[PDB]
Amino acid sequence: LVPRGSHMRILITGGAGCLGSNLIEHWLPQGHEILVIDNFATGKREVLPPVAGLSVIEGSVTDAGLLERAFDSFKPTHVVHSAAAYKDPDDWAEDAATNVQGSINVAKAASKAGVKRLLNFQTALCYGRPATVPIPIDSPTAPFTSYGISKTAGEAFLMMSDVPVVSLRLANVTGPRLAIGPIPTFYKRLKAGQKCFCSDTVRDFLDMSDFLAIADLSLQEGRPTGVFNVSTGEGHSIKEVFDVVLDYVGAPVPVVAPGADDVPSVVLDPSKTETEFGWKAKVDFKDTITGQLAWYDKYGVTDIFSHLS
Amino acid sequence: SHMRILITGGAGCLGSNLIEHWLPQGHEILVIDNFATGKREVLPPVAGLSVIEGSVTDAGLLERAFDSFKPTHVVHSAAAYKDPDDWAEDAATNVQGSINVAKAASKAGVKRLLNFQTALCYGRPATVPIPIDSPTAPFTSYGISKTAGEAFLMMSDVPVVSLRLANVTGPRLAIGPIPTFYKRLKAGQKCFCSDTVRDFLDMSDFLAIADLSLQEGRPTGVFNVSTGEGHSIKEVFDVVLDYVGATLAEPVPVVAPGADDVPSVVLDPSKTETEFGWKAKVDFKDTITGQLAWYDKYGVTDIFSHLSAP
Ligand SMILES: NC(=O)c1ccc[n+]([C@@H]2O[C@H](COP(=O)([O-])OP(=O)(O)OC[C@H]3O[C@@H](n4cnc5c(N)ncnc54)[C@H](O)[C@@H]3O)[C@@H](O)[C@H]2O)c1
Ligand SMILES: NC(=O)c1ccc[n+]([C@@H]2O[C@H](COP(=O)([O-])OP(=O)(O)OC[C@H]3O[C@@H](n4cnc5c(N)ncnc54)[C@H](O)[C@@H]3O)[C@@H](O)[C@H]2O)c1
């Protein structure tokens with residue numbers, strides 16, 4: 001039915017997560033039909049209200065039968081693979097099961113169901129310790145943590161599908177219900193008058209609105225396929241992040257090593273994504289950090305505030 | 001120097017040749033295998049040799065095996081590959097199986113774990129011979145699952161040696177171009193050579209580095225095992241042709257490789273020579289001739305055992 005001529009029946013694995021839920025808040029108001037499959041390892045049941053257009057199956061991407069049944073009942077036109085395990089770095093079996101096996105299961109099921117487009121999200125940890133920053137899209141994958149290793153094989157399997165597949169390697173996405181990392185940590189701790197530390201690292205940050213726009217483009221029939229970096233292409237230090245928070249909150253911070261497994265600089269080159277999609281990120285660094293903080297002022301550092309009615 | 005060796009995949013080509021090398025030495029060996037590709041005939045009921053039929057994907061069975069047998073040493077030689085569209089099995093055996101073996105070895109505090117790795121981990125290399133510090137870049141089910149598996153093994157607290165291998169020839173090799181040219185030439189069938197370059201390694205050179213890899217205080221990490229020299233399939237064909245004595249009715253066509261047939265896969269073994277002091281002794285001609293001599297005695301078979309059964 002609606003949007004007229006481009007209604008999506010969208011199967012989102014990992015839909016109770018940060019990215020999934022934001023995507024849902026973006027697409028459900030437009031009239032798309034969404035089915036979520038989540039096991040609530042990190043995702044919250046509170047971000048999926050019983051609203052029209054939205055169905056939820058509590059389940060794993062590792063469960064191939066649950067997937068065949070969901071894909072058969074629902075008949076998606078489009079798939080967003082957003083399920084990832086990561087929370088216990090020593091539980092390699094879970095990471096392999098979710099991130100590799102779950103990806104293979106989503107890919108085989110998608111293929112059989114004849115989906116039009118599949119959208120995967122990749123971690124920049126796939127790049128390990130890069131030789132060239134900003135990291136070019138044709139850089140080698142070189143992970144050295146469980147999450148990086150399993151995610152890297154997951155993506156590589158997806159890229160063997162006959163289903164058209166877009167895999168976006170992402171900058172740290174800021175937006176509603178981000179409750180981990182330096183931004184909420186400095187906000188909370190500065191407001192509490194606690195000592196903060198800045199790792200001497202460079203990272204890149206992406207506003208939710210820019211993530212939403214490349215996600216939209218990625219699911220359009222006929223658009224490019226393959227692996228793509230999603231970023232402004234600009235890097236900012238953790239100290240720089242801390243500086244925006246301090247100023248915003250209204251309150252001499254030490255700058256320290258690079259811990260062992262803490263990659264000194266991670267910034268992605270988006271140029272090929274700009275070329276093939278006509279996409280460019282609009283919101284700059286200060287507006288990106290400030291908008292996350294503004295959200296914390298309204299709802300607090302929480303992952304359970306729903307913008308759905 | 002007595003080893004209690006747990007060898008996953010011991011019924012296959014590498015596993016069984018290793019067992020025939022080590023069992024006469026008084027070593028104690030437990031084989032875990034599911035017989036997907038490897039054969040039951042290569043594992044006679046002999047003193048020193050135990051066989052558990054099972055999967056490396058079975059975490060229960062591995063835990064029970066490492067507990068009862070208490071290995072000092074692990075050789076992870078189990079791999080799935082036969083159906084390139086069966087990604088689930090490849091991921092199950094090669095990634096989950098490797099994690100299971102790694103965790104179990106770590107828990108049992110084994111001294112040394114030895115892994116074998118396919119040169120498909122390198123995908124399409126930028127430089128040939130392939131340097132050890134080259135990126136992994138697999139694009140097939142086998143290569144991607146194996147790449148992830150090796151990477152997990154590398155995160156173990158056990159000392160790990162992962163050997164990236166040239167094509168190993170020896171007892172019971174019954175796949176690839178060598179047995180295919182041998183069989184077809186003797187039967188008067190037309191052969192095709194793709195226009196590819198590969199490396200080949202005699203069993204005796206493989207046995208020598210495997211030995212070194214399981215010695216305490218030896219180097220750890222990833223290593224290329226090879227002579228470092230590359231030979232086309234056409235060169236392989238010529239050795240077989242000459243050896244077999246056949247007369248050709250037509251000159252063999254050399255055809256361009258498929259899209260997924262990597263044109264040149266030769267490994268640079270130089271860090272291995274530096275750190276182990278190992279060097280392959282058997283040249284190309286002798287490597288190929290040695291395989292064909294073995295075929296002449298036993299035929300192209302993967303069920304002939306060199307172990308004396310009671
Ligand atoms: N948010 C980012 O800045 C960022 C950066 C790089 C990559 N990514 C990728 O984007 C995706 C979403 O990330 P996020 O930030 O929303 O993380 P998240 O933890 O908020 O969401 C992942 C969701 O997957 C679910 N999940 C875990 N295992 C599952 C399984 N077996 N079956 C079904 N669901 C399962 C969790 O319950 C969770 O809701 C992940 O794949 C992640 O690797 C995100
Ligand atoms: N032969 C070579 O030149 C070569 C080259 C590169 C890499 N390797 C690697 O060396 C190892 C041995 O190779 P091979 O040449 O002996 O192949 P092979 O097929 O003869 O043996 C693999 C063995 O593993 C067994 N197996 C498969 N799945 C299993 C599982 N779930 N649990 C337990 N056993 C399982 C098979 O039955 C088989 O006996 C593999 O890891 C392979 O990737 C070999």
Side-chain angles (χ1 to χ4, degrees), chain A residues 13-23 36-44 47 57-63 66 80-87 94 97-99 101-102 120-126 147 151 154 168-175 177-181 205-206 211 230 303, chain B residues 8-18 31-39 42 53-58 75-82 89 92-94 96-97 115-121 142 146 149 163-170 172-176 200-201 206 225 302:
Chain A
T13 74
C18 175
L19 265 26
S21 59
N22 274 287
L23 264 342
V36 167
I37 294 168
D38 213 294
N39 73 353
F40 306 105
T42 42
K44 294 296 197 284
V47 298
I57 296 168
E58 181 157 352
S60 179
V61 294
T62 71
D63 195 332
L66 186 128
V80 182
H81 191 49
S82 197
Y86 57 88
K87 80 179 171 181
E94 184 58 29
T98 295
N99 304 337
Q101 282 287 18
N120 189 63
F121 306 129
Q122 181 57 303
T123 185
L125 298 185
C126 77
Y147 187 30
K151 283 287 278 172
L168 309 184
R169 282 98 185 259
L170 302 166
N172 297 287
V173 186
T174 64
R177 289 177 306 280
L178 174 75
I180 61 152
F205 303 97
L206 184 80
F211 170 76
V230 181
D303 66 344
Chain B
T8 74
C13 190
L14 301 194
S16 62
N17 271 296
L18 280 172
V31 170
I32 297 161
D33 204 305
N34 80 352
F35 304 103
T37 35
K39 304 290 195 57
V42 306
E53 165 152 14
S55 187
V56 296
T57 65
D58 200 326
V75 183
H76 188 54
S77 199
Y81 61 88
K82 67 182 193 209
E89 187 55 34
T93 301
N94 303 329
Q96 279 286 18
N115 187 55
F116 306 126
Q117 172 60 302
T118 177
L120 291 172
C121 71
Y142 189 25
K146 285 286 290 192
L163 298 184
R164 280 95 177 262
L165 298 178
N167 297 293
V168 190
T169 63
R172 292 174 306 276
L173 176 71
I175 60 147
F200 298 89
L201 186 77
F206 167 72
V225 184
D302 62 350

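Start at 1 and go down the list; that is how both ligands and their atoms are numbered. Note: hydrogens, waters and symmetry copies are ignored here, and every other heavy atom, side chains too, is used. Here is the naming used below: chain letters follow the sequence lines, and residue numbers restart at 1 for every chain.
Annotation: A/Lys151 places an N or O atom under 3.5 Å from an N or O atom of ligand 1; distance criterion only. Between A/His81 and ligand 1, no pair of N/O atoms sits closer than 3.5 Å. Close N/O approach between A/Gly20 and ligand 1 is not found [any backbone or side-chain N/O within under 3.5 Å]. The shortest N/O to N/O separation between A/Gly17 and ligand 1 falls below 3.5 Å. Residue A/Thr123 has no N or O atom closer than 3.5 Å to an N or O atom of ligand 1. The shortest N or O to N or O distance between A/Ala85 and ligand 1 is not below 3.5 Å. By the 3.5 Å distance cut-off applied to N or O atoms, A/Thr42 is counted among the residues near ligand 1.
The single protein non-hydrogen atom nearest to atom 23 (C) of ligand 1 is A/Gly14 O, 3.6 Å, given as residue, atom name and distance. Here the heavy atom of the protein found nearest to atom 16 (O) of ligand 1 is A/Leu19 N, 2.8 Å.
Short contacts between ligand 2 and B/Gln117, defined as distances under 4.0 Å to a heavy atom of the residue, involve ligand atoms 6 (C), 7 (C). Below 4.0 Å from some heavy atom of B/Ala78 lie the following atoms of ligand 2, by number and element: 24 (O), 33 (C), 34 (N), 35 (C). Each of the following atoms of ligand 1 lies closer than 4.0 Å to a heavy atom of A/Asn172: 3 (O). When each atom of ligand 2 is checked for a heavy atom of B/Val168 under 4.0 Å away, the hits are 3 (O). Listed by number with element, the atoms of ligand 2 under 4.0 Å from a non-hydrogen atom of B/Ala11 are 39 (O). Proximity to A/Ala171 (heavy-atom distance under 4.0 Å) selects the following atoms of ligand 1: 3 (O). Each of the atoms 37 (O) of ligand 2 lies under 4.0 Å from some heavy atom of B/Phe35.
Contact between B/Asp33 and ligand 2 is present, with at least one heavy atom of the residue lying under 4.0 Å from the ligand. Ligand 1 lies less than 4.0 angstrom from a heavy atom belonging to A/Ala41. For the pair A/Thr13 and ligand 1, no heavy-atom separation below 4.0 Å is found. Heavy-atom separations between B/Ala92 and ligand 2 are all 4.0 Å or longer. At a 4.0 Å cut-off, not a single heavy atom of A/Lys87 sits close enough to ligand 1 to count as contact. B/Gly54 counts as a contact of ligand 2, since one of its heavy atoms falls under 4.0 Å from the ligand.
Considering each of A/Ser82, A/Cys18, A/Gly15, A/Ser60, the one bringing a non-hydrogen atom nearest atom 22 (C) of ligand 1 is A/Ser82. Between the choices A/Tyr86, A/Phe205, A/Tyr147, A/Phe211, the shortest heavy-atom distance to atom 43 (O) of ligand 1 belongs to A/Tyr147.
Using a 4.0 Å cut-off between heavy atoms, B/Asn34 contacts ligand 2 through both its backbone and its side chain.
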